[PDB]
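Okay, here we've got a single chain as structure tokens, the form deposited in one PDB entry, with questions on binding and movement later.
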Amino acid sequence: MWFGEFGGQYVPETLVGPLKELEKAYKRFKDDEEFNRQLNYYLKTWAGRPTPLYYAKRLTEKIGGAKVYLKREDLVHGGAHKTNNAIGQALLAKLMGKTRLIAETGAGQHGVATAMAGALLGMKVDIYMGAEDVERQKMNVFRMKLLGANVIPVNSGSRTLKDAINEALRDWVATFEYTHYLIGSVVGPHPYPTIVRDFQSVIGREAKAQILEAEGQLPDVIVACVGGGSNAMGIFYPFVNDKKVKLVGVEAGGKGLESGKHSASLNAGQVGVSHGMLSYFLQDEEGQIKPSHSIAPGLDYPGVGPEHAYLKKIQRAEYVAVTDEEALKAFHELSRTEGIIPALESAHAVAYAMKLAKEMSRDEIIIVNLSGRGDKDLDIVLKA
């Protein structure tokens, strides 16, 4: 339940039962032969795993310091890492006898991933999405509709991701006998932070085998963007006990950390409770969760998962921020230099890795998690 002081299960009594049933089923199926056979079968044949590890040679030589490798989650079916978790949980839900999936989404990538997994397994899918987010994600909303899902616009509160989560929790209270709430990041009440990290850890396990193949040794640094924290936990987790491997999480710096328009929960937030968890949140003086800002629509969650709060506290991982400007610069740079158009979320990680590589030796190795592709962001990049 806990990662030191962070995490927990801060929910009404009506969700204790459902969460207990979920934890029970997860413990039964996580190491089950048939569950893992099916999961790996879908990840391979439908999602296209393993994704490659790409040496960005041109980008590396241009900067003139450390080698930059890219873990290519942009190539997963759906165009982002979210699919890995969507399949895992959707299959778990099917084996628990559930017939319906609900999920929140901000950027729309988790919504699409959930709609895809639901279609694959023959389940109903309703996606809760803040009305502000529906308005700016027309194409992802259309993708979800083509996949057979219904997108439910959320008009309560600030009409954003935090509000979508609140409506989904309210739905799940009444519908849990037949509905699984498919949370999309390492957030929410226990057991969700643990489950989502476990279903994304395939990223790190592949990346470890692939870097040993390419370089014969573990990397010096792993860099990943951090919204709620799932792509970062996925690549980090298999290296946590390799003590010489530095772990760097990159939050959205927005218009700057001192501007009050960013999504850097670990950097600038405070401890608090929301969505069932004790973690870091951007909060005002009256304990209200604040709206976050980022040019990357997927770095929109005002909190961060408790396992990242914990890794920061024990100083196992370092957390930094990169601005909208720096992320954009990286979006263009990677597109031009390596012929890969990254998601704006992922461009934050690329932006930091480029800064860091310049300060490091040519013998050293950085792995960047490229959490998604940039096709979804083309209009945003045009406008900025």
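Counting begins at 1, following the sequence as shown. Rigid core here is just the name for the largest C-alpha set that superposes within 1.5 Å across the two forms.
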| query | finding |
| --- | --- |
| Which of 261-269 and 133-141 has higher mean CA B factor, as the PDB entry lists it | 133-141 |
| Mean C-alpha B-factor comparison - 116-124 and 173-181, higher one | 173-181 |
| C-alpha B-factor winner, where the candidates are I235, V250, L101, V154 | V154 |
| Which of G298, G228, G256, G111 ranks first by CA B-factor in the deposited coordinates | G256 |
| Third assignment of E213 from its chain's C-alpha B-factors | middle |
| Ranked against its chain, the third holding the CA B-factor of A90 | lowest |
| Assigned third (lowest, middle, highest) for the C-alpha B factor of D220 | middle |
| CA B-factor ranking of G204, expressed as a third of its chain | lowest |
| Lowest, middle or highest third - CA B-factor, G305 | lowest |
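Form deposited in another entry: not shown, discussed below.
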query	finding
Core-superposed comparison between this form and the one not shown: the option from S156, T99, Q217, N150 whose CA moves 2 angstroms or more	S156
Threshold 2 Å Cα movement between this form and the one not shown at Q89, rigid core reference	no
C-alpha of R136 moved at least 2 Å between this form and the one not shown on rigid core	yes
